[PDB]
């Protein structure tokens, strides 16, 4: 038993691994992004993509089984480390157990949030996991975090990459924020409290939003000060087709300026509703006029591409100025072809605006380690979450959440201030702040907008302009394979 090595692998499971399809981050990300208003997967021919895209999957869903099997696998590995260090009481080992138990709690949260239940197992053995659902599961996760807190590093006192007390508190805030959904009983007071504990910690907001998703976010202090839990990635050493490689390569295509990589998969683009988050009137979106032809030559270098885009006011920096928000990191320029905002039929990558939020360029201008894979870390946990969580919690309780909302909009140099917080403004702010970070679905569900008519976005439910689906889709089904293999599990309501 190599305690040190197993400990390290526990964290590694977040960012390393069809293999490229079944990783931790990619599977959770897809279940929380592909069916939402933020994006679309360009190749609908890919297995189960249509299902996830329009919220029409079933118990035989391959992508549901992927995330399900992956989450459980990671936990079995955490259970192994825990059984091997059980009873030990030295300071460092306790700290290691707390961090591993934090990672397991995080995994159980995914189960709870995605399936509303989980195949529960506390130790590493061969027995069949037993089902732990709803309130029972919720309380288990909360208890774990409450117990391990004292054994963890103080905020920002842990080696970059490892989880500290704040990471602990932020997850608890998120759980409390969703208590109504998971236990049927809201607990917004607690959500506010723990959110305040994180805001009261050493962590601080990065003064430049984009820098949070750049190649040097693990060395740039301005970004690190806000990154509570990073999933380390590295162009040469830590590679994963489903890691940051997914977020950068998947969102680019040959022809785009400053791709940051040699391989543009042209897979992920934004839905019209995502663009609308920055432009209430989609007519305000900078776009190349229909009657202006795109040259077939002379648009090779970034300087040539930028020159054309600038002439027509369609460089990403032009998109940002038009949106009056630093977060509007979208591309409607010509590199890659004439783009559409909304499409009458999902036919390709250009049927929507490109998202260039993630970049494989360092804020300090220095070279990155590789030409194809990004160095960019995935800031899974960010301080900003605390502000949005406290803002929502305060709002729900009848208080005034304008101060917390403004803190984020001020950071993004927004020209439009939110005077009166409303449910609509809140869910739209979650989108603007965290889009393409793998959490959208969870928030939509909390707001009662994921499956209902309360909120319709393009291509929801499979309809061009969107439509509602059965309410039982607010939870993914337990893979039919686990049902037949583990008599202890029972399918979720609504499915067959």
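Residue numbers count along the first chain shown, from 1. In this text, the rigid core denotes the largest set of C-alpha atoms whose superposition between the two forms falls within 1.5 Å.
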Line up the rigid core: which moves more in 4 other deposited structures of this protein, 407-415 or 79-87, by C-alpha RMS? 79-87
What stretch shows more C-alpha movement in 4 other deposited structures of this protein relative to this form, 320-328 or 295-303, after the core is superposed? 295-303
Pick one of none, 1 to 3, 4 to 9 or 10 or more for the number of deposited-sequence residues not modelled between residue 22 and residue 23. none
Of the two stretches 428-436 and 64-72, which shows the higher Cα B-factor on average in the entry? 64-72
Mean temperature factor over C-alpha atoms, higher-scoring stretch between 47-55 and 460-468: 460-468
The largest CA temperature factor among 94, 141, 173, 267 is found at 94
Would you mind checking which of 347, 332, 178, 251 has the top Cα temperature factor in the PDB entry? 347
Can you tell me which third, lowest, middle or highest, the CA B-factor of residue 297 falls into for its chain? highest
State the tercile, meaning the lowest, middle or highest third, of residue 233 with respect to the CA B-factors recorded for its chain. middle
Relative C-alpha B-factor of residue 454, binned into the chain's lowest, middle or highest third: highest
Residue 204: CA temperature factor from the record, placed by chain third, in the middle
Residue 255: CA B-factor among chain residues, third -> middle
